[PDB]
Amino acid sequence: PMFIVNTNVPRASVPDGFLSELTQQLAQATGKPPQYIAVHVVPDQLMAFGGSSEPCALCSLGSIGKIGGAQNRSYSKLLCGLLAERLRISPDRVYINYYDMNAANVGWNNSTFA
Amino acid sequence: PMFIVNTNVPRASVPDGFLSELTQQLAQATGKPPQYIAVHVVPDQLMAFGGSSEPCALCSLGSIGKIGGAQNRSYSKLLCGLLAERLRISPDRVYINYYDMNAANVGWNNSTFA
Amino acid sequence: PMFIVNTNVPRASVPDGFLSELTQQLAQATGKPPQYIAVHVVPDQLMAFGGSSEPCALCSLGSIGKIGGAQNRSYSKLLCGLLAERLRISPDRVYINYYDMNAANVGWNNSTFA
């Protein structure tokens, strides 16, 4: 899995341990081993949500499988909860694009997962 | 909808009001209310387009529906016009990836849009 | 084609000529002219791979065609090779998302490639 968060919250507002917390929680939610989880947080961004520059986040979660209606609702509750608790971002100012990657379309370790 | 522009144009060259201008124009173009439009501008990037580093932009526009051949041509004229007028980027140095998201694959407010 | 590399390697560790090297190698690999190759490198990122903040990279390669099982394995060997040799990133700490864009979903020069 690959989880990317882009946010206008400043870097100093991202707590220490946040990437680890995301890695651990995504491993448990997706069922994937933690060694395959990649996380990326980009603060201090120039963005707006609904025309407003109040705290917001634009994110994406890609995975080879483990993407679907029920699973994605569960991931949204988890990830919006973490963004609210740790970055003080309201859940209604968060978008998460979920995408299911074919194993043949994911490069890793000089090859693909197909 | 979610619009992202990554550019090598410096931050000081992004005019005041640009995010609001993008939010308004994308609300009119997609027909979606401005409260549902998210915009993200990332200046000062290290990029090249066609092997050169004159001003350029790599962008994406995601929407739940409102994505198609004719609509995408209209969006390109609008967004290339805005990038040329406000950031002085030639339209032939702009790529925009359009993507149609399923509602069940977009997380927002602790759930999805399904 | 559009190639983006996001990495925690510092900016000073990106060699001069890297964008040109990626442009030429991707033009040769995809068979497309270098004039249509866009490259984007984002260093100094707050990211983890497998819970670790050792050097890593999260990348994507989009193209209108030239995406498939065998081609992607070849691209992965090429791009992991360049990231290892030029940025000192281990190939097992690199993910590359390959995506095949429809020409009508790629905006350029006030229209699309359809």
Side-chain angles (χ1 to χ4, degrees), chain A residues 1-7 9-28 30 32-34 36-45 57 59-64 67 86-87 97-114, chain C residues 1 3-9 22 25-26 29-30 40 42-63 65-84 89-101:
Chain A
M2 182 187 296
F3 181 62
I4 305 157
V5 178
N6 266 280
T7 179
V9 164
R11 165 70 179 98
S13 293
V14 179
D16 284 354
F18 191 53
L19 296 184
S20 287
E21 179 164 40
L22 287 171
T23 302
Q24 290 174 338
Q25 298 291 305
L26 283 164
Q28 293 190 304
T30 61
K32 298 269 191 180
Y36 290 99
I37 306 279
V39 300
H40 180 196
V41 175
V42 193
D44 294 293
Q45 291 303 285
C59 310
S60 62
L61 177 69
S63 178
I64 296 170
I67 300 292
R86 307 299 187 202
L87 300 191
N97 288 152
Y98 295 105
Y99 60 102
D100 182 3
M101 295 292 295
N102 186 292
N105 291 332
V106 181
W108 174 73
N109 195 32
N110 297 316
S111 187
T112 68
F113 279 104
Chain C
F3 180 61
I4 305 160
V5 175
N6 252 285
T7 180
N8 54 350
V9 165
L22 285 170
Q25 293 293 310
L26 283 166
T30 60
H40 178 197
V42 193
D44 297 294
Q45 296 300 290
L46 176 55
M47 48 173 65
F49 191 117
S52 160
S53 60
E54 289 292 328
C56 60
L58 305 179
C59 309
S60 62
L61 176 64
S63 175
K66 308 325 301 315
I67 299 292
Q71 291 174 100
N72 297 353
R73 282 187 285 275
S74 179
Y75 295 146
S76 295
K77 183 176 157 179
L78 170 69
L79 291 170
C80 286
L82 281 167
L83 294 170
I89 300 168
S90 175
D92 65 358
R93 293 182 58 73
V94 173
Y95 275 156
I96 307 160
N97 289 335
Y98 294 105
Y99 61 102
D100 188 355
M101 293 297 293

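Here is the naming used below: chain letters follow the sequence lines, and residue numbers restart at 1 for every chain.
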Subject >> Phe113(A): partners by ring pair (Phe, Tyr, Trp, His ring centres under 6.0 Å), with sequence neighbours left out >> reply: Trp108(A)

Subject >> Nearest-0.5 Å distance that lies between atom CD1 in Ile4(A) and atom CD in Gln45(C) >> reply: 10.0 Å

Subject >> Option in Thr112(A), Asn105(A), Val106(A) with maximal non-hydrogen atom pairs under 4.5 Å from chain C >> reply: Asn105(A)

Original post:
What part of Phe18(A) lies closer than 4.5 angstrom to a heavy atom of chain C: side chain, backbone, both or neither?
Top reply: neither

**OP:** May I ask you to say whether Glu21(A) pairs ionically with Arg86(A), meaning some side-chain N is under 4.0 Å from a carboxylate O?
**Re:** yes

Original post:
Tell me, side chain or backbone of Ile67(C) under 4.5 Å from chain A's heavy atoms, or both, or neither?
Top reply: side chain

Original post:
Do you know which two heavy atoms are closest between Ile64(A) and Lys32(A), and how far apart they sit?
Top reply: O-NZ, 2.8 Å

